[PDB]
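Next up: just one chain, as structure tokens, the form solved without ligand VUO.
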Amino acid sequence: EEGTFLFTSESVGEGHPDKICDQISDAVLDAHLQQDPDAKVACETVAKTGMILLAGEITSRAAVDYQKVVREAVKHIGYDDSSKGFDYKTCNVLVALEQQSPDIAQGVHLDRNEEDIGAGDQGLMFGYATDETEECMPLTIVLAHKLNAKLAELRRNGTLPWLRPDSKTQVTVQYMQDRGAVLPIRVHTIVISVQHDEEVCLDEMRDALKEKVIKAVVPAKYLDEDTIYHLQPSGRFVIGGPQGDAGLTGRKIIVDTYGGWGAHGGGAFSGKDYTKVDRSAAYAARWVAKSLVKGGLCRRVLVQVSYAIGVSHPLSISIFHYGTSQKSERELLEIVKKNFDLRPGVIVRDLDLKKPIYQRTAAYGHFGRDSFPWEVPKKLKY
């Protein structure tokens, strides 16, 4: 017990109503980028019973069929029948989209060289990396995401046909201190809540969630007789998706990042093109942090950057190594300065941020998966 502590993170499934909105917002972004790599996109999505509303600002040369893009995203998630609470074929899709404000456009990107475009807004952003997993992510959030992915897998393969797309999971891990780094010891508590059909009973669900979901995801070495399980703790979850709870874009920002570890500056990712530093600078900050850890300079590290609207270079850059670096904080900042250029008009080139890959980022976290450009460490010169 000496030197140990508990930490909890959560994740949600593809049909969680907030995550539906993130995925739709990024499907819209991708559709624009497929035709206009320089589309300016700020697409919020709102979901409630029978309704997807798109609201925001897009200036783009693309011709996008919003009805088709939205409905295909909902179909992919799995909401295809009134019996499940939501159906892509028959829901309302409402659009309240205007051009980007000309005042923003003139102050950010109009008549600017691409590398010297200003940040699309002010704000602060953080990147984090931890050596506790190979992918440099906290175990709590990785396991929580993988539990949701397993539910979707067993729904889609017909193993557990009573499952529906809306789910939430939560994992509490006991950690040991290790010279500023952290070492996972065991799983203390798991929560799983998932929408289900009217016919399956709680005992069938709880047994399946333990044997076919948890045991198929969480290594047995982390589970013991004392692990606490809260499986379908509400007792009934037939109503779900947007019918059970309104969804909005950008309401799962901690799920999207580090599960509470590190820090967060408040900005949402989905529905935004590269000029919105909330996304591009957070991706670049992750890339920096992961590069420092994979480069052997830190075991655990947090990077902050901040911007002013219309100004290309960050206003501030800061680093905290948790006592896990032999280099000083000053030396780390110099290494980052010499190896990275965090202007948005340079990040876009380094991370290929005009490519329409964003819908793939919008469930199961933006980091630690799939070797996206910000997950491929840069070789550092020093």
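Start at 1 and count along the sequence shown; that's the residue number.
Missing here is the form deposited with ligand VUO bound; even so, the following discussion is about that form.
In the entry with it bound, ligand VUO sits within 4.5 Å of a heavy atom belonging to residue 135. Contact between residue 146 and ligand VUO in the entry with it bound is found at the 4.5 Å heavy atom cutoff.
Taking the partner from elsewhere, residue 358 is found to have every heavy atom lying beyond 4.5 Å of ligand VUO in the entry with it bound.
Remark: residue 364 counts among the residues lining ligand VUO in the entry with it bound, judged by a heavy atom distance of 4.5 Å or less. A single residue from the set 213, 142, 73, 298 has any heavy atom within 4.5 angstroms of ligand VUO in the entry with it bound; that residue is 142.
Stretch-level contact check against ligand VUO in the entry with it bound with heavy atoms at 4.5 Å: of 146-154, 110-118, 220-228, 81-89, the positive one is 146-154.
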